[PDB]
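*Asks:* What follows is entry-v4.txt; its format and atoms are compact mmCIF, N, CA and C atoms.
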```
# COMPACT_ATOMS: atom_id res chain seq x y z
N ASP K 407 127.12 77.88 140.49
CA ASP K 407 125.75 77.85 140.02
C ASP K 407 125.69 78.10 138.52
N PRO K 408 124.88 77.35 137.78
CA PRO K 408 124.72 77.64 136.35
C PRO K 408 124.15 79.03 136.13
N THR K 409 124.55 79.65 135.03
CA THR K 409 124.08 80.97 134.65
C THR K 409 123.61 80.97 133.20
N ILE K 410 122.65 81.84 132.91
CA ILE K 410 122.08 81.96 131.57
C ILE K 410 121.92 83.44 131.26
N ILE K 411 122.32 83.84 130.05
CA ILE K 411 122.27 85.23 129.62
C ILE K 411 121.59 85.29 128.26
N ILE K 412 120.70 86.26 128.09
CA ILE K 412 119.92 86.39 126.87
C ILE K 412 120.07 87.82 126.35
N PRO K 413 120.22 88.02 125.04
CA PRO K 413 120.36 89.39 124.52
C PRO K 413 119.02 90.07 124.36
N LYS K 414 119.02 91.39 124.49
CA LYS K 414 117.80 92.16 124.37
C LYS K 414 117.62 92.67 122.94
N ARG K 415 116.39 93.10 122.64
CA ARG K 415 116.06 93.50 121.28
C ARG K 415 116.91 94.67 120.81
N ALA K 416 117.43 95.46 121.75
CA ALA K 416 118.25 96.61 121.41
C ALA K 416 119.67 96.24 121.00
N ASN K 417 119.98 94.95 120.89
CA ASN K 417 121.30 94.51 120.46
C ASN K 417 121.28 93.60 119.24
N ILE K 418 120.13 93.05 118.87
CA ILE K 418 120.05 92.16 117.72
C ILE K 418 120.21 93.00 116.45
N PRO K 419 121.19 92.70 115.59
CA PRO K 419 121.33 93.49 114.36
C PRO K 419 120.11 93.34 113.47
N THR K 420 119.83 94.38 112.69
CA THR K 420 118.67 94.36 111.81
C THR K 420 118.76 93.24 110.79
N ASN K 421 119.98 92.77 110.49
CA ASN K 421 120.12 91.66 109.55
C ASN K 421 119.43 90.41 110.07
N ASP K 422 119.56 90.13 111.37
CA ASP K 422 118.91 88.96 111.94
C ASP K 422 117.40 89.09 111.93
N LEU K 423 116.87 90.27 112.24
CA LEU K 423 115.42 90.45 112.24
C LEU K 423 114.82 90.13 110.88
N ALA K 424 115.52 90.47 109.80
CA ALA K 424 115.05 90.09 108.47
C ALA K 424 115.03 88.58 108.31
N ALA K 425 116.05 87.90 108.84
CA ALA K 425 116.12 86.44 108.76
C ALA K 425 115.45 85.75 109.94
N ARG K 426 115.01 86.49 110.95
CA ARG K 426 114.30 85.92 112.09
C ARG K 426 115.17 84.87 112.79
N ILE K 427 116.35 85.30 113.22
CA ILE K 427 117.32 84.43 113.89
C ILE K 427 117.75 85.09 115.19
N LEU K 428 117.83 84.30 116.25
CA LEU K 428 118.36 84.74 117.54
C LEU K 428 119.65 83.99 117.81
N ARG K 429 120.72 84.73 118.06
CA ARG K 429 122.05 84.16 118.25
C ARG K 429 122.67 84.73 119.51
N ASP K 430 123.80 84.15 119.91
CA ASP K 430 124.63 84.65 121.00
C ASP K 430 124.02 84.40 122.38
N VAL K 431 123.17 83.38 122.52
CA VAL K 431 122.75 82.95 123.84
C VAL K 431 123.88 82.14 124.47
N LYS K 432 124.07 82.31 125.78
CA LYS K 432 125.22 81.73 126.46
C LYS K 432 124.77 81.01 127.73
N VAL K 433 125.42 79.88 128.01
CA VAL K 433 125.12 79.06 129.18
C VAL K 433 126.43 78.63 129.81
N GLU K 434 126.39 78.34 131.11
CA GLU K 434 127.59 77.97 131.86
C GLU K 434 127.29 76.77 132.75
N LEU K 435 128.25 75.85 132.80
CA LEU K 435 128.12 74.64 133.60
C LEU K 435 129.47 74.27 134.19
N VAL K 436 129.42 73.47 135.25
CA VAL K 436 130.61 72.91 135.88
C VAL K 436 130.38 71.42 136.06
N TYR K 437 131.38 70.62 135.72
CA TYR K 437 131.27 69.17 135.72
C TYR K 437 131.85 68.59 137.00
N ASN K 438 131.26 67.49 137.46
CA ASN K 438 131.69 66.82 138.69
C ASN K 438 132.74 65.78 138.34
N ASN K 439 133.95 65.99 138.83
CA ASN K 439 135.06 65.11 138.47
C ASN K 439 135.16 63.94 139.44
N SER K 440 135.44 62.76 138.90
CA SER K 440 135.61 61.57 139.72
C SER K 440 137.05 61.50 140.26
N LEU K 441 137.34 60.41 140.96
CA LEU K 441 138.66 60.18 141.53
C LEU K 441 139.30 58.98 140.84
N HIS K 442 140.60 59.10 140.55
CA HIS K 442 141.32 58.06 139.83
C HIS K 442 142.54 57.53 140.57
N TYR K 443 143.28 58.39 141.27
CA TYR K 443 144.51 57.97 141.93
C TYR K 443 144.55 58.54 143.35
N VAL K 444 145.33 57.88 144.20
CA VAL K 444 145.54 58.32 145.57
C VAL K 444 146.97 57.96 145.97
N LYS K 445 147.64 58.88 146.67
CA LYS K 445 149.06 58.73 147.00
C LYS K 445 149.27 59.22 148.43
N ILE K 446 149.47 58.26 149.35
CA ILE K 446 149.65 58.60 150.75
C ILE K 446 151.10 59.00 151.00
N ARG K 447 151.30 59.83 152.02
CA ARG K 447 152.63 60.22 152.48
C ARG K 447 152.58 60.39 153.98
N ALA K 448 153.57 59.82 154.67
CA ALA K 448 153.58 59.84 156.13
C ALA K 448 155.01 59.76 156.61
N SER K 449 155.19 60.00 157.91
CA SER K 449 156.52 59.99 158.51
C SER K 449 156.35 59.74 160.01
N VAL K 450 156.97 58.67 160.50
CA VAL K 450 156.83 58.28 161.90
C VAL K 450 157.91 58.95 162.73
N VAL K 451 157.65 60.18 163.17
CA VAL K 451 158.57 60.87 164.06
C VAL K 451 158.28 60.46 165.50
N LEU K 452 159.33 60.36 166.31
CA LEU K 452 159.21 59.95 167.70
C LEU K 452 159.51 61.13 168.61
N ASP K 453 158.81 61.18 169.73
CA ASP K 453 159.02 62.25 170.70
C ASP K 453 160.41 62.15 171.31
N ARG K 454 160.86 63.26 171.89
CA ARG K 454 162.13 63.30 172.59
C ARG K 454 162.01 64.09 173.89
N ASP V 407 78.30 133.33 100.38
CA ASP V 407 77.06 133.79 100.99
C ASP V 407 76.02 134.05 99.91
N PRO V 408 74.77 133.61 100.09
CA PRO V 408 73.74 133.87 99.08
C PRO V 408 73.50 135.35 98.86
N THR V 409 73.27 135.74 97.61
CA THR V 409 72.99 137.13 97.29
C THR V 409 71.59 137.27 96.69
N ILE V 410 70.96 138.40 96.97
CA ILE V 410 69.63 138.71 96.46
C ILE V 410 69.66 140.15 95.96
N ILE V 411 69.29 140.36 94.70
CA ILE V 411 69.28 141.68 94.08
C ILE V 411 67.86 141.98 93.62
N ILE V 412 67.36 143.16 93.99
CA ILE V 412 66.01 143.58 93.62
C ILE V 412 66.12 144.89 92.85
N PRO V 413 65.36 145.08 91.77
CA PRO V 413 65.48 146.32 91.00
C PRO V 413 64.81 147.51 91.67
N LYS V 414 64.79 148.65 90.99
CA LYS V 414 64.18 149.87 91.49
C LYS V 414 63.09 150.33 90.53
N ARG V 415 62.11 151.06 91.07
CA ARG V 415 60.98 151.49 90.25
C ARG V 415 61.46 152.28 89.04
N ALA V 416 62.49 153.11 89.21
CA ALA V 416 63.02 153.87 88.09
C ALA V 416 63.64 152.99 87.02
N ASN V 417 63.93 151.73 87.33
CA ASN V 417 64.58 150.82 86.40
C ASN V 417 63.61 149.85 85.74
N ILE V 418 62.31 150.04 85.93
CA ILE V 418 61.28 149.15 85.39
C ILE V 418 60.70 149.81 84.14
N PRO V 419 60.64 149.11 83.01
CA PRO V 419 60.07 149.73 81.80
C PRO V 419 58.61 150.11 82.01
N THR V 420 58.18 151.15 81.30
CA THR V 420 56.80 151.61 81.42
C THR V 420 55.81 150.50 81.07
N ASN V 421 56.19 149.61 80.15
CA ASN V 421 55.29 148.53 79.75
C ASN V 421 54.96 147.61 80.92
N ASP V 422 55.97 147.25 81.72
CA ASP V 422 55.74 146.34 82.84
C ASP V 422 54.82 146.93 83.89
N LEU V 423 54.91 148.23 84.15
CA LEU V 423 54.00 148.84 85.12
C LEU V 423 52.55 148.71 84.67
N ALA V 424 52.29 148.80 83.36
CA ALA V 424 50.94 148.60 82.86
C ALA V 424 50.48 147.16 83.10
N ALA V 425 51.37 146.19 82.87
CA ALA V 425 51.02 144.80 83.08
C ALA V 425 51.06 144.40 84.55
N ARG V 426 51.70 145.21 85.39
CA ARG V 426 51.78 144.94 86.83
C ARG V 426 52.54 143.66 87.12
N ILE V 427 53.69 143.49 86.46
CA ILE V 427 54.53 142.32 86.65
C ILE V 427 55.97 142.76 86.87
N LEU V 428 56.61 142.23 87.90
CA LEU V 428 58.01 142.49 88.17
C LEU V 428 58.88 141.41 87.55
N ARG V 429 60.11 141.79 87.20
CA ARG V 429 61.03 140.88 86.53
C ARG V 429 62.45 141.14 87.00
N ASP V 430 63.34 140.21 86.67
CA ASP V 430 64.78 140.38 86.84
C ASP V 430 65.20 140.32 88.30
N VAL V 431 64.47 139.58 89.13
CA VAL V 431 64.96 139.27 90.47
C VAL V 431 65.95 138.12 90.38
N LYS V 432 67.14 138.32 90.94
CA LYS V 432 68.23 137.37 90.78
C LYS V 432 68.69 136.86 92.13
N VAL V 433 69.02 135.57 92.19
CA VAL V 433 69.46 134.93 93.42
C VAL V 433 70.62 134.00 93.08
N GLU V 434 71.50 133.79 94.05
CA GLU V 434 72.64 132.90 93.90
C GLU V 434 72.75 131.99 95.11
N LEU V 435 73.16 130.75 94.86
CA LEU V 435 73.34 129.76 95.92
C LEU V 435 74.51 128.85 95.56
N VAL V 436 75.02 128.16 96.57
CA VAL V 436 76.08 127.17 96.39
C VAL V 436 75.59 125.85 96.96
N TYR V 437 75.73 124.79 96.18
CA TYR V 437 75.30 123.47 96.62
C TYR V 437 76.42 122.77 97.37
N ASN V 438 76.02 121.88 98.28
CA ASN V 438 76.95 121.10 99.09
C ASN V 438 76.94 119.66 98.61
N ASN V 439 78.10 119.16 98.21
CA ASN V 439 78.21 117.86 97.57
C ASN V 439 78.58 116.79 98.58
N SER V 440 77.86 115.67 98.55
CA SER V 440 78.15 114.54 99.42
C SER V 440 79.42 113.83 98.97
N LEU V 441 79.83 112.80 99.70
CA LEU V 441 81.03 112.03 99.40
C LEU V 441 80.64 110.66 98.88
N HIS V 442 81.24 110.25 97.77
CA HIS V 442 80.91 108.98 97.13
C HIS V 442 82.06 107.99 97.12
N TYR V 443 83.28 108.44 96.84
CA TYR V 443 84.42 107.54 96.69
C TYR V 443 85.58 108.06 97.52
N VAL V 444 86.41 107.12 97.98
CA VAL V 444 87.57 107.44 98.81
C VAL V 444 88.70 106.48 98.45
N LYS V 445 89.92 107.01 98.51
CA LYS V 445 91.12 106.22 98.22
C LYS V 445 92.10 106.36 99.36
N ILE V 446 92.88 105.30 99.58
CA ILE V 446 93.82 105.23 100.70
C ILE V 446 95.14 104.69 100.18
N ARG V 447 96.23 105.17 100.77
CA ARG V 447 97.58 104.70 100.44
C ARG V 447 98.27 104.29 101.74
N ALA V 448 98.05 103.04 102.14
CA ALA V 448 98.67 102.53 103.35
C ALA V 448 100.09 102.07 103.06
N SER V 449 100.88 101.91 104.12
CA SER V 449 102.25 101.45 103.98
C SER V 449 102.60 100.58 105.18
N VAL V 450 103.56 99.68 104.98
CA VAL V 450 103.99 98.75 106.01
C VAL V 450 105.50 98.76 106.10
N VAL V 451 106.01 98.81 107.32
CA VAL V 451 107.44 98.80 107.59
C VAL V 451 107.79 97.47 108.24
N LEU V 452 108.87 96.86 107.77
CA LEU V 452 109.26 95.52 108.20
C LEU V 452 110.25 95.51 109.36
N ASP V 453 111.28 96.36 109.34
CA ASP V 453 112.27 96.33 110.40
C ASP V 453 113.11 97.60 110.39
N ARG V 454 113.13 98.28 111.54
CA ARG V 454 114.06 99.37 111.83
C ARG V 454 114.23 100.32 110.65
N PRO V 455 113.24 101.17 110.37
CA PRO V 455 113.43 102.18 109.33
C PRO V 455 114.58 103.11 109.69
N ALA V 456 115.28 103.59 108.66
CA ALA V 456 116.47 104.40 108.87
C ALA V 456 116.12 105.71 109.56
N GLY V 457 117.08 106.25 110.31
CA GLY V 457 116.90 107.49 111.02
C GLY V 457 116.52 108.64 110.11
N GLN V 458 115.59 109.48 110.56
CA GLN V 458 115.08 110.56 109.74
C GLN V 458 116.01 111.77 109.80
N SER V 459 115.77 112.71 108.89
CA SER V 459 116.57 113.93 108.85
C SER V 459 116.41 114.72 110.14
N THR V 460 117.48 115.37 110.57
CA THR V 460 117.49 116.07 111.85
C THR V 460 117.16 117.55 111.70
N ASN V 461 116.77 117.97 110.50
CA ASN V 461 116.48 119.38 110.27
C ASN V 461 115.38 119.85 111.21
N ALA V 462 115.61 120.99 111.87
CA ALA V 462 114.67 121.51 112.86
C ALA V 462 114.28 122.95 112.58
N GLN V 463 114.33 123.38 111.32
CA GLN V 463 113.93 124.72 110.94
C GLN V 463 112.52 124.70 110.35
N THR V 464 111.89 125.86 110.36
CA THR V 464 110.59 125.99 109.72
C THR V 464 110.76 125.82 108.21
N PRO V 465 109.98 124.95 107.57
CA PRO V 465 110.20 124.68 106.14
C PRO V 465 109.84 125.90 105.29
N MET V 466 110.83 126.42 104.57
CA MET V 466 110.58 127.52 103.65
C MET V 466 109.57 127.08 102.60
N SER V 467 108.60 127.95 102.33
CA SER V 467 107.48 127.60 101.46
C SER V 467 107.72 127.93 100.00
N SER V 468 108.85 128.53 99.64
CA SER V 468 109.09 128.88 98.25
C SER V 468 110.59 129.03 98.02
N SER V 469 111.01 128.70 96.81
CA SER V 469 112.41 128.87 96.43
C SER V 469 112.72 130.34 96.21
N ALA V 470 113.90 130.76 96.67
CA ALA V 470 114.29 132.16 96.56
C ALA V 470 114.40 132.60 95.10
N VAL V 471 114.98 131.76 94.25
CA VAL V 471 115.23 132.13 92.86
C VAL V 471 113.95 131.95 92.06
N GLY V 472 113.39 133.06 91.58
CA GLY V 472 112.21 133.01 90.75
C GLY V 472 112.23 134.06 89.65
N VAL V 473 113.35 134.74 89.50
CA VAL V 473 113.49 135.79 88.50
C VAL V 473 114.79 135.59 87.73
```
Take the structure in the file and give it back as structure tokens.
*Replies:*
Amino acid sequence: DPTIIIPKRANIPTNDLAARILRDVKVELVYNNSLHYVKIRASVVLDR
Amino acid sequence: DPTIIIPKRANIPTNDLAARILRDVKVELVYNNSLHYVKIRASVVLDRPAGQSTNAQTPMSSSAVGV
């Protein structure tokens, strides 16, 4: 599942507040991979 | 407090008794003054003022060295 995290006012350095900038927001994603190759393997064993 | 002073018969000149007039009654008062002008010194803080002094003693009202 995607996740999102935001910093609270108690962590923003006073330098940013003077410049009015919010940084360090983070997001997470996972990509859906396609298929490119397939390799079968088998063995015809006979009962005894 | 307002004061009122009245003289004494022994302190009145003989001339005034003939004229039948009293003098030298004195009164004092204090007036109360209204307000006409006012001044203000506002201030504005922009971001996170620095931490204040941690002193927790009663402020001494005078310097020890005066002699």
*Asks:* Distance limit 8 Å, atoms considered: only C-alpha atoms. Which chain K residues sit that close to chain V? Return them as a list in words.
*Replies:*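 In the required form, that comes to residues 420, 423 and 424 of chain K.
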*Asks:* Pick out each residue of region 407-452 of chain K that DSSP on the backbone tags as strand (DSSP E or B); I need them as a compact mmCIF listing (two decimals) with N, CA and C atoms, keeping the file's coordinate frame.
*Replies:*
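The result, stored in out36.txt:
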```txt
# COMPACT_ATOMS: atom_id res chain seq x y z
N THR K 409 124.55 79.65 135.03
CA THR K 409 124.08 80.97 134.65
C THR K 409 123.61 80.97 133.20
N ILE K 410 122.65 81.84 132.91
CA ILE K 410 122.08 81.96 131.57
C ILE K 410 121.92 83.44 131.26
N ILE K 411 122.32 83.84 130.05
CA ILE K 411 122.27 85.23 129.62
C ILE K 411 121.59 85.29 128.26
N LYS K 432 124.07 82.31 125.78
CA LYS K 432 125.22 81.73 126.46
C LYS K 432 124.77 81.01 127.73
N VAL K 433 125.42 79.88 128.01
CA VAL K 433 125.12 79.06 129.18
C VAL K 433 126.43 78.63 129.81
N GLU K 434 126.39 78.34 131.11
CA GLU K 434 127.59 77.97 131.86
C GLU K 434 127.29 76.77 132.75
```
*Asks:* Report as an NGL selection string all protein, DNA and RNA residues lying within 7 Å of residue 413 (chain K), evaluated on all atoms listed in the file, omitting residues in the same chain fewer than 5 positions from it.
*Replies:* :K and (418 or 429-432)
*Asks:* Within 10 Å of (125.1, 73.7, 134.2) (coordinates as in the file), grab all the protein and nucleic acid residues, counting only C-alpha atoms, and write them out as a VMD selection string.
*Replies:* chain K and resid 407 to 410 433 to 437
*Asks:* CA of residue 418 (chain V) and atom N of residue 430 (chain V) are how many Å apart?
*Replies:*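 It comes out at 9.3 Å.
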*Asks:* Between CA of residue 435 (chain V) and atom N of residue 412 (chain V), what is the spacing in Å?
*Replies:* 14.8 Å
*Asks:* Can you tell me, as a PyMOL selection string, which residues in chain V count as helix (DSSP H, G or I) by DSSP?
*Replies:* chain V and resi 415-417+420-425
*Asks:* Determine the axis-aligned bounding box of all atoms of region 431-445 of chain V present in the file, pad each side by 3 Å, and express its centre and edge lengths in Å to one decimal place as lines of an AutoDock Vina configuration file.
*Replies:*
```
center_x = 78.3
center_y = 122.9
center_z = 94.4
size_x = 33.6
size_y = 39.4
size_z = 16.6
```
*Asks:* Can you tell me how far CA of residue 411 (chain V) sits from CA of residue 439 (chain V), in Å to one decimal?
*Replies:*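 Separation of CA of residue 411 (chain V) and CA of residue 439 (chain V): 25.7 Å.
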*Asks:* Using only C-alpha atoms, collect all residues at a distance of at most 8 Å from (68.2, 141.3, 97.3) as written in the file, then present them as JSON, numbers by chain.
*Replies:* {"V": [409, 410, 411, 412, 431, 432, 433]}
